[PDB]
Amino acid sequence: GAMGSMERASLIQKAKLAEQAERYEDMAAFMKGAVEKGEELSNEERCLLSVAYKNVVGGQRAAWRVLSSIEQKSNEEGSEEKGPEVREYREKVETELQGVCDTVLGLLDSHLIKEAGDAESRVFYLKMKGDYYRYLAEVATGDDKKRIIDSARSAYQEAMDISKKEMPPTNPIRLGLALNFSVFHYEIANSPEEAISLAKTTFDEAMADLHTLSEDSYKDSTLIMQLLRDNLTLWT
Amino acid sequence: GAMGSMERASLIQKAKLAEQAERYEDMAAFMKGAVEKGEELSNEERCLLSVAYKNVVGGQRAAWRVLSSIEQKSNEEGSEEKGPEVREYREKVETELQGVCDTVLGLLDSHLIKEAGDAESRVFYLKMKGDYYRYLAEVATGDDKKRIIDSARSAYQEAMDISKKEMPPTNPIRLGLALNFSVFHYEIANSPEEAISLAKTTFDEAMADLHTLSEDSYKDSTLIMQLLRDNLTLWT
Amino acid sequence: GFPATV
Amino acid sequence: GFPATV
Ligand SMILES: COc1ccc(C[C@@H](C)CN)c2cc(C(=N)N)sc12
Ligand SMILES: COc1ccc(C[C@@H](C)CN)c2cc(C(=N)N)sc12
Ligand SMILES: *SCCNC(=O)C(C)(C)Oc1ccc(Cl)cc1
Ligand SMILES: *SCCNC(=O)C(C)(C)Oc1ccc(Cl)cc1
Ligand SMILES: [Mg+2]
Ligand SMILES: [Mg+2]
Ligand SMILES: [Mg+2]
Ligand SMILES: [Mg+2]
């Protein structure tokens, strides 16, 4: 590990600097090094890990979609044959994306999830596991596609079960988990009705619990509620 | 060279795909591979090379500025000591930036410039040489700082001399060279008067030649003229 | 449209 | 302001 010689606290400090500089690949590398120190992560450190990899993989996904669209058009009737290059380059980006997903899933399995006992940590990591299997599912085409989809589903479902027992309906992690699992249903599992039902029930149950919150917590929860509403508007 | 086994035409095709996907590091790697085939570049290929590296180094420069600002504030009176990390990470980004500049300058010296005989190619490459020495000058602090600044100046000056003899005053390469050499004077050489004079004379001489142009050429030239005017507005 | 996730 | 270059 190239970060093995750097202090944990220095890695966290540099992750924060990398975020300020919009250097998300560096941010992710620093946070990988911090995880590999073997200690549990704090709430803020979990956010830094998630932000770093979300930005890295988000850029890869956007690029993959551009290239996949070009590849699809290149294969339509009437298109001029232009050789293997579009497929090759889409595959290059895809392999890099899969590598990042494998890295994140590897950190979660070795050994973040097994040491995560509080709901705020365990739900967060299980949500991440669902997210990175979902990104693998977005590009998957082989014998293991159904198992990749089921791995995402299983991680999200365990997170949901814990979140419903241990967190209030307005907890932002619970809300973000539901938002993302709803997207999984809609985009990955071909289950738009489940996606819509989950988003609606999540929104309504959060609405009913807002009265318990401080002004700052209300702002946090309503922000994620608005994303649920945005998706519902897209889908209905 | 990791691109040594890929066809020149495939590298160019993939550079264009990488641009569409906003994968500028890939774009630059593909164009480096294309240059290393040893053949001269066309006008469009020169643009692809320049766009790729301009975007890569532009991101590095923006990150370096963020980190350098944080470092400056960390060294003001009253600031809490926070260790070597800000300096280290600024240095990491700086070294990567210098590496990219060295790579581009290396392509120009081996052997793009020496084979460039037409003004449109030679001025373009000499402008690039000035630009990448200018980026090195932005971060330079050592014994060689004045020589780095002078290398930028010398490359820009050779480009200017050719451009004034061989290109019309509205040629977009001539205009962009003048724009950038003017910025060099203002930001690097501590010569705001020379910067302003160059931008003004360039603008006025282009204005007087617009009447010779087609509508499409007029659009191209006036776009760069507006940048000259924008800088003049900033500076006066 | 591409849906929101966090 | 940071000046324009191309
Ligand atoms: C516990 O750590 C956090 C809590 C809350 C936030 C942001 C709030 C506005 C809620 N979204 C936040 C942003 C982080 C980062 N990008 N470094 S960490 C972190
Ligand atoms: C000769 O090649 C070019 C000419 C002109 C342009 C753009 C015009 C609008 C003038 N700025 C252009 C953009 C390129 C690219 N980003 N691949 S190549 C290229
Ligand atoms: S963890 C990063 C800080 N939080 C956020 O950026 C937003 C997206 C506003 O909130 C959430 C992020 C992640 C989850 Cl699981 C929930 C809310
Ligand atoms: S070479 C890329 C195509 N041209 C451009 O993007 C702009 C910036 C509009 O024009 C110029 C780029 C480079 C030069 Cl030297 C001059 C104009
Ligand atoms: Mg594949
Ligand atoms: Mg249910
Ligand atoms: Mg240095
Ligand atoms: Mg002069």
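The analysis underlying the following values was restricted to heavy atoms, covering all of them including side chains, and did not include hydrogens, waters or symmetry mates. Chain letters run A, B, ... following the sequence lines, proteins first, then strands; residues in each count from 1. Counting convention: from 1, in listed order, for ligands and their atoms alike.
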Identify, by atom number and element, the atoms of ligand 3 in contact range of [X], meaning under 4.0 Å from any of its heavy atoms.
X	value
A:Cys47	1 (S), 2 (C), 3 (C)
A:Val51	2 (C)
A:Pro172	16 (C), 17 (C)

Next item on the list: With heavy atoms only and a cut-off of under 4.0 Å, state how A:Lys127 meets ligand 3: side chain, backbone, both or neither.
Entry: side chain
Checklist line | Mode of A:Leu177 contact toward ligand 3 - side chain, backbone, both, neither (heavy atoms, under 4.0 Å) | finding: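 A:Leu177 to ligand 3: no contact under 4.0 Å from either part.
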Next item on the list: Can you sort out the partners of A:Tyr132 under ring pair (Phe, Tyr, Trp, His ring centres under 6.0 Å), two or more places apart, ordered by chain and number?
Entry: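 With sequence neighbours excluded, A:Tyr132 shows a ring pair (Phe, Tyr, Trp, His ring centres under 6.0 Å) to A:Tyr135, given in chain and number order.
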Notebook entry, point to check: Below 4.0 angstrom, N of the basic side chain to O of the carboxylate: do A:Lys14 and A:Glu7 qualify?
Noted result: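 Judged by the 4.0 Å cut-off on N to carboxylate O distance, A:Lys14 and A:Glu7 do not form a salt bridge.
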Next item on the list: Before accepting this row, confirm whether a basic side-chain N of the pair A:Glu187/A:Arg134 lies closer than 4.0 Å to the acidic partner's carboxylate O.
Entry: no
Next item on the list: Using heavy-atom distances, let me know which of A:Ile173, C:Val6, A:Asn180, A:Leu223 sits nearest atom 12 (C) of ligand 3.
Entry: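 Among A:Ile173, C:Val6, A:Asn180, A:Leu223, the closest heavy atom to atom 12 (C) of ligand 3 belongs to C:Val6.
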Next item on the list: Could you name all protein N, O or S atoms found under 2.8 Å from the Mg ion (ligand 7)?
Entry: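 Near the Mg ion (ligand 7), the protein supplies B:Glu94 OE2.
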Check: Does a sphere of radius 6.0 Å around NZ in B:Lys200 hold more than 12 heavy atoms from other residues, nucleotides or ligands, not counting ones at 6.0 Å or beyond?
Finding: no
Item checked: Heavy atoms from other residues, nucleotides or ligands near NZ of A:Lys114 exceed 12 (cutoff 6.0 Å) ->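 Counting other residues, nucleotides and ligands, NZ of A:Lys114 exceeds 12 neighbours.
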Item checked: Heavy-atom protein neighbour under 4.0 angstrom from atom 5 (C) of ligand 3 -> no
Margin query: If we count only non-hydrogen protein atoms and require a distance under 4.0 Å, does atom 17 (C) of ligand 3 qualify as touching the protein?
Written below: yes
Check: Which protein heavy atom lies closest to atom 7 (C) of ligand 3, and at what distance to 0.1 Å?
Finding: A:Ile224 CD1, 4.6 Å
Margin query: As a quick check of understanding, evaluate side chain to side chain contact (heavy atoms under 4.5 Å, CB included) for A:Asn180 and A:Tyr156, giving each step before the final call.
Written below: CA-CA 9 Å; A:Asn180 288 20; A:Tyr156 284 135; 4.1 Å; yes
Item checked: Parallel, tilted or perpendicular: rings of A:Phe30 and B:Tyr89 (30°, 60°) ->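 Ring orientation, 0 to 90° scale: perpendicular.
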Checklist line | Inter- and intrachain pairs under salt bridge (charged side-chain N to carboxylate O under 4.0 Å, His left out), touching residues 141-150 of chain B, at least two apart | finding: B:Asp150-B:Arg153
Side-chain polar contacts of residues 165-175 of chain A - donor-acceptor pairs under 3.5 angstrom, sequence neighbours left out - could you list them?
from     : atom 1 : to       : atom 2 : distance (Å)
A:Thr170 : OG1    : A:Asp209 : OD2    : 2.7
A:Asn171 : OD1    : A:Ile173 : N      : 2.8
A:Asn171 : OD1    : A:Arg174 : N      : 3.2
A:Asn171 : ND2    : A:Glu120 : OE1    : 3.2
A:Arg174 : NH1    : A:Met167 : O      : 2.8

Notebook entry, point to check: After noting the C-alpha distance and the side-chain angles of A:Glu138 and A:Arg65, does the key distance pass the side chain to side chain contact (heavy atoms under 4.5 Å, CB included) rule?
Noted result: CA-CA 10 Å; A:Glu138 287 178 336; A:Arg65 296 187 192 186; 3.0 Å; yes
